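This report concerns only the one structure given below.
Start at 1 with the first residue, then count along the sequence. Below, all heavy atoms of this structure are taken into account, side chains as well, without hydrogens, waters or symmetry copies.
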Amino acid sequence: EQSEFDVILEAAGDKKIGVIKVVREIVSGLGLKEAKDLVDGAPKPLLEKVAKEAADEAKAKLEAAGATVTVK
């Protein structure tokens, strides 16, 4: 089985401000401007080479906020 995963933010959806907040909660140390630029630049990677549980939690939190995500 695959041992590490990337999380791609594909689209922010209708509630971009909320998605910026969720991205900042998920990604430790991500600054405010960096998070805004990541969301405005989607599709963009959010997490790279992380554990499956961390990827699944990130996807669930972002999707609940209206975003579209791919775990790879």
Side-chain angles (χ1 to χ4, degrees):
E1 67 285 71
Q2 182 177 337
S3 64
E4 58 185 16
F5 300 84
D6 298 348
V7 181
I8 306 304
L9 177 65
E10 300 279 14
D14 282 346
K15 289 189 283 176
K16 233 182 208 184
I17 293 165
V19 170
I20 292 170
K21 299 180 181 177
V22 172
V23 160
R24 279 163 57 68
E25 190 269 321
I26 292 166
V27 181
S28 280
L30 189 61
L32 183 59
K33 172 176 164 56
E34 290 166 342
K36 184 189 155 189
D37 291 352
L38 195 156
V39 172
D40 282 340
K44 282 290 169 290
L46 179 82
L47 299 168
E48 288 180 344
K49 296 179 175 60
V50 299
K52 193 40 160 70
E53 201 175 341
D56 289 348
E57 290 175 5
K59 177 180 177 73
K61 288 177 178 165
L62 287 161
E63 289 182 337
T68 303
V69 173
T70 307
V71 175
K72 299 186 180 183

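Across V39 and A12, no two heavy atoms sit closer than the pair CG1-CB, 3.6 Å. Shortest non-hydrogen contact noted between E25 and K61 is OE1-NZ, 3.0 Å. When all heavy atoms of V19 and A65 are compared, the closest pair comes out as CG2-O, 3.9 Å. Of all non-hydrogen atoms in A51 and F5, the two that sit nearest each other are C-CD1, 4.1 Å. Here the closest non-hydrogen pair linking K44 and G41 is NZ-O, 2.9 Å.
Annotation: the span from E63 atom CD to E10 atom CD amounts to 11.0 Å, rounded to 0.5 Å. Atom CD1 in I20 sits 7.5 Å away from atom CG in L32 (nearest 0.5 Å). Atom CG of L9 is separated from atom NZ of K59 by 11.0 Å, given to the nearest 0.5 angstrom. Note that NZ of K52 is 13.5 Å distant from CD of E4, once rounded to the nearest 0.5 Å. One distance of note links NZ of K36 with CZ of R24; it measures 13.0 Å at 0.5 Å rounding.
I8 and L62 are not part of a single hydrophobic cluster, where members link through side-chain heavy atoms under 4.5 Å apart.
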Under the side chain to side chain contact (heavy atoms under 4.5 Å, CB included) criterion, do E57 and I26 qualify, and how do the steps go? CA-CA 9 Å; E57 290 175 5; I26 292 166; over 6 Å; no
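At most 12 heavy atoms of other shown residues, nucleotides or ligands fall within 6.0 angstrom of atom CD in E1.
For the pair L38/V27, no side-chain contact is recorded, criterion being any heavy-atom separation below 4.5 Å from C-beta on.
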